[PDB]
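Next come the chains, spelled out residue by residue.
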Amino acid sequence: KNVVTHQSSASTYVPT
Amino acid sequence: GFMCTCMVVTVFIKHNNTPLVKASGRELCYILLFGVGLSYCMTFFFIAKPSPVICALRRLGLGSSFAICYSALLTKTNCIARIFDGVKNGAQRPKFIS
Amino acid sequence: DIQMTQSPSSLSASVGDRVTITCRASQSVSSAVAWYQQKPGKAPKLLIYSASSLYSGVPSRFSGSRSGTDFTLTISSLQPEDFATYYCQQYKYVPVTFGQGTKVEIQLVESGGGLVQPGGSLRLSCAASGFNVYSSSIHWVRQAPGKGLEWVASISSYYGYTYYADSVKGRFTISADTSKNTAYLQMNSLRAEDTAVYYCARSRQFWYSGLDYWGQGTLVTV
Amino acid sequence: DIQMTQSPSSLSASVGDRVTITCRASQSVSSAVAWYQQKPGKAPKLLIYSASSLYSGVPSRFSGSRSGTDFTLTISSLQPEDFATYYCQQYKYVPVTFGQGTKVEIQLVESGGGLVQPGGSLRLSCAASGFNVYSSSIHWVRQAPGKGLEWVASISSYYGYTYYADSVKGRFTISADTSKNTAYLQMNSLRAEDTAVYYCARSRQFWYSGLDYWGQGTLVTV
Amino acid sequence: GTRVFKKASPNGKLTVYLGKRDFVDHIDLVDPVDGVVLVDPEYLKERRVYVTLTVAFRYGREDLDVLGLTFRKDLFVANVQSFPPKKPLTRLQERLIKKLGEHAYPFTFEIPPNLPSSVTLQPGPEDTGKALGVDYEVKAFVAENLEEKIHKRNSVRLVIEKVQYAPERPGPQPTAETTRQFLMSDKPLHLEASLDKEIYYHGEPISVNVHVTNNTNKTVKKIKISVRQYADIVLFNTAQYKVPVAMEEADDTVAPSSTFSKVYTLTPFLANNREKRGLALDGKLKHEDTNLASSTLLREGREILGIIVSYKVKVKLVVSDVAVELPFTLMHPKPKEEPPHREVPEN
Amino acid sequence: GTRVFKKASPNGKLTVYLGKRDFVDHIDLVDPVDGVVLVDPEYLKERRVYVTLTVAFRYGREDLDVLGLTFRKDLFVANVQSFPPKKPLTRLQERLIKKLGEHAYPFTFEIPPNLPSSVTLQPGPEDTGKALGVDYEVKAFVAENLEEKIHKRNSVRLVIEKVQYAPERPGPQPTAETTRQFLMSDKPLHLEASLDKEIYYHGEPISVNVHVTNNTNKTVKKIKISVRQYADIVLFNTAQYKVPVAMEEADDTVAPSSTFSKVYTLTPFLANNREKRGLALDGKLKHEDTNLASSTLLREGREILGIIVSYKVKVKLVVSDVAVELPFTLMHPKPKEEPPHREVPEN
Ligand SMILES: CC(C)CCC[C@@H](C)[C@H]1CC[C@H]2[C@@H]3CC=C4C[C@@H](O)CC[C@]4(C)[C@H]3CC[C@]12C
């Protein structure tokens, strides 16, 4: 019990 | 009492890497344990043959041991109070450096 | 800065027809493009905000679409009262300068206008009603005769942020009096470089739902 | 394990002609392919090592080439004494099993052979002369009748490394007596699964310049 | 017209498409994290791809940072096999499959209730590592089960935010009273405070009506009205973090045996609290410095999990002292389209 | 037929081709690091690509590791602009340009002399970070000058090894003698030792001839003959690291006023020294556990730079003690084709 541990983004168009 | 104090000292020294000892305050716990050991030493200063040197030693040791123990307790409770109170009014980081 | 191209430069159509206006951006804007309209002698009013999401208080005839970088504003029926100057704005990046502005043919109070010396200091006061300076972002936009609107100053009291255009940086100071709940603009300049009418508009503080409310504005002549 | 395919299975050519032998690997070998040859009743001798680098002590008629995974051994002139069985080996990965082996038609001492009971333990002794066990890697390779060579055991005393084939793992123990400068092989097995002649060869300890020296070998019959 | 957010691997063809960046909850139900993945047929034996939703929780204080320990735990980790070498789909997922192609493998996560919202503690200039707080992440691993180690190139990491909005019912307005008996005989001092409403939006002004009845032998020196923010940390038994995000001190005095009523305006904002290390703020993705943390709603009949953020208007009168607390909710309303989750003007 | 080694970026098209993985030196001259780079025209304003040759030097001891400090320095960093938006080329570089295409930008580095060879200290099981020692690396950055930060995706990192080989001249064979006068009157004890040769190859046996002349009143108990390896660390004024890589203790005794000559065989190897943390070994690329470090040759008329590795056969006789040291060189010879720089049998 005495413990501590236990590319870039993008967008696109999706047609309906 | 001396056996218990030395056992606790050895336990804390061996388990110095645990988060509990670090969070509780290594320095404060060590000095409190030292004061407890000083008290258990001063226990038998009174129970001996009284001499002026022994009388002075017993009075000084009793005063010093009480001061050490209760000042360590004050430091511990002051760190606890500073942590509990959070950010004080008009301040940003009132944390107590250990 | 990002320059917006608006087409056509001038459009004329019959009443009830469908009119399409195109807006091209310099680069990607992440669909953060709004469409505003203004009438002569009147403050601009927002029409479309946030990638073809219709704003409350305007007729449903206006519609928006986005094809890549291009943005299209479509009017199904040209109402007799729907003859105004339309502008394309992008608020994804600073500056937030508007588009070229197309013409169609067949509360906030601003003060501090009047005659101005060629070189000196000017103060513009913006009285705000119905909202707080910490719940909105206050913008000041100038419009010169013979040209469209141009973003000038922006202040966000909640985040404590200030923004000025490159052509006005170093000479424009915008402040928000929270106790008085008003805005002050100080401009120490020279010549007639800023001879334009200044509108004190507001936008949503956090999500920036376009410049919904625009001030009446006062004429400034150097 | 990596299996090597050697073509053709059997080759016959006139004396002085050019003979090409192809070797295909299962996967990439980083050009760590050598070509060996053996004559009947004689221990194998290395011919080409380390991607078409001719080894000292052999005629220059033999040549090598590498095209992707494929390796080619070319003999410009078929000498009357150059009628031996050729093998393609890859030592990039363990096991270091040789190729199929092509046939052409028109010091180290090994001991410990003799008759063997169907099930029991065998000891093979390899006396090494002219080199130290820490300056070379000692390998034991078995050859069965009607089949080519097959890598079995490898020991490197400098790094303290030992390697055995999958079919011989758990029953083969190889040791290097540095004080006696010899090699010992212990095999506790049963039946005639290992009825083959064992050659005690050596390779360069660090850069592994092929199995240059091969032991004479002794016949083992179960 | 609908659009989605795409995250691409640095190498290979591994693209994760998610419909929305915010997955809100309605106490009873939570909006499911539904998305799709495109993976090129570049595998021979590793025909299994996994999607992991992790509600990581990290914490570090100034004293703990100086000492050299920072708490870290995984509140909830959910693993879903995206590739089926049952599980109903949605209209958005079907549209994504149709547009992307046959390789579009769907994945849907149903976030269980009683989970903390995405709240990140404000880090100081010294802190340069991972953001302290509760962060929801989606990680895509193209590897043979979980036995293999995590590869940065193969894994796709995308940060999502789970937030709550203001309830439909405003709730009763706070009204807190306190009567204190002084040591000098029986001299009662009465204090009362009320709020304009119970639900408050970020940046909106807060009007507090404070009425004081002095029947004592002392005169009140100053009145301190503050907006305390409390960050209960259930895990690791961490002490409660209390921070005044706004304060107002009035030097007005109230005569003994007299009544005095007044109204005070307090508008919390981040500009004044930008230097308060450890302050809880809304969920962050790439250090956008979002608004203050929205006070989580414990409508469940109440679990000790994650970070619980609350706001209370505290009124204190000196001459000991009389202190009263009025809880209130500072939570964002439901946005019209979507939360941008970033500074809308980037520059 | 010639082949080169190619290192490719995780993303984009940035491939670095180098002719050989070992760049040896001949004291007077050093073999130049010549290579080519293929970069796709994926840039608009950042039309500058840089190649950096770094002779990094790291060190860490057991006490220092426990304390929490590890020394690190850059002995020599050379930057070359690969793209010229003078510098003679080589035949290999021209062939690489012809085969690769027009985009093949060359880069040539002339390593200055008096630089330490690629020697890596053996790390213990506790150590899991960068290898301790002197490592030569080539890093390709596709960015606008050095002002921009280093990007892992853009930069290409390839480890090269600079090693020295045995000199053509074997040199005089070591012959060390020592005469000691005991405190009991004037009783001289004579010790002499000689080696078969001065230059020694790794794994080759070492034959030491030891002759003892006892004219004293005491009898020698045991004779200890060891192969000490010394790693002088010029930087940071680190204490000399001395490690016995091989030892032999003989219980034979020599009677007083008598002569005794013998020969001893010592063969250093890594199997017995695999547990010696901090031992200097040959340059490593991907933890191949190479042979012992080849004793660097200080033919220059002698600079305090990098790590200087040396070997000495020490002979000690007890009954104080008489100790003698014979320096010798344990260096690899010139390989026929190339050093593989890896375990030739991978499995
Ligand atoms: C400080 C601790 C760890 C060690 C010292 C404490 C103990 C062992 C010491 C402290 C005072 C000492 C006493 C001081 C004086 C005397 C009187 C002498 O005629 C007999 C011994 C006697 C009775 C000593 C016995 C040992 C003693 C009790």
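For every chain, the first residue of the written sequence is numbered 1, i.e. counting runs from 1 onward, and this need not coincide with the entry's numbering; residues without coordinates are not included. Just so you know, chain letters begin at A and ligand numbers begin at 1, following the order they were written in. A larger assembly contains the chains shown, yet all values here describe just the shown part. By convention in this description, side-chain values take in all heavy atoms of the structure and omit both hydrogens and water. Residues with missing side-chain atoms are left out of burial classes, side-chain pairs and their counts.

This entry lists cryo-EM as its structure determination method and reports a resolution of 3.7 Å.

Here we come to the state of the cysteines. Residue and element names in this part refer to chain C. Note on disulfides: each one is a pair of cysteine sulfur atoms within 2.5 Å. Across the disulfide from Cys23 sits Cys88; the S-S distance is 2.0 Å. The S-S bond linking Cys23 to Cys88 shows a torsion near -75°; that makes this disulfide left-handed. Of the two residues, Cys23 is situated in strand β3 (residues 19-24) and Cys88 in strand β9 (residues 85-90); the sequence distance between them amounts to 65 residues. The disulfide partner of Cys126 is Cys200, and the gap between their sulfur atoms is 2.0 Å. What counts as a helix is a DSSP run of H or I of at least four residues, what counts as a strand is a run of E of at least two, and both are numbered from the N terminus.

Here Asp25 of chain E is to be found in the loop between β2 (14-18) and β3 (33-39). In what follows, residue pairs with any heavy atoms lying within 4.5 Å of each other are defined as contacts. Dropping the residues within four chain positions of it, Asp25 of chain E is found in contact with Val30, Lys162, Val163 and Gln164 of chain E.

Taken together, the contact between chain E and chain C spans 28 residues of the former and 25 residues of the latter. Residues belonging to the side of chain E that touches chain C are distributed by class as follows: 12 nonpolar, seven polar and nine charged. Polar here means any residue outside two lists: the nonpolar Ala, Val, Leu, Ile, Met, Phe, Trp, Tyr, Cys and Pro, and the charged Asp, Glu, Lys and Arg; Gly therefore counts as polar.

What follows is about the pairing of strand β8 (residues 70-75) of chain D. Within a regular beta strand, the side chains point alternately toward one face of the sheet and then the other, so they alternate between its two faces. All names here are of chain D. Of the pairings in the sheet, the one linking strand β3 (residues 19-24) to β8 comprises five bridges and is antiparallel in character. In the strand pairing of β8, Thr22 is matched with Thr72. Between any two strands, at least two bridges found by DSSP are needed for them to pair. Counted between consecutive antiparallel strands, the loop separating strand β7 (residues 62-67) from β8 contains two residues, among which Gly68 sits at a positive phi close to 60°.

The next subject is the sheet that holds β7 of chain D. Residues and elements named next belong to chain D. Spatially, β1-β3-β8-β7 is the arrangement adopted by the four strands of the open sheet, whose pairing is antiparallel. The sheet terminates laterally at β1 (5-7) and β7, the two strands that pair on one side only. On average, each strand axis in the sheet is tilted by 20° relative to the strand beside it, whichever way the strands run. Lines fitted to C-alpha atoms define the axes here, with helix axes fitted over just the stretch in contact, and angles between the N-to-C directions of these axes take values from 0 to 180 degrees.

In this section: the pairing of strand β16 (residues 161-164) of chain D. All names here are of chain D. Note that strand β15 (residues 149-156) and β16 share four bridges and pair antiparallel. Looking across to β16, one finds that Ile155 is bridged to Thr162. Here β15 hands over to β16 after four residues, with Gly160 in that stretch at a positive phi of 65°.

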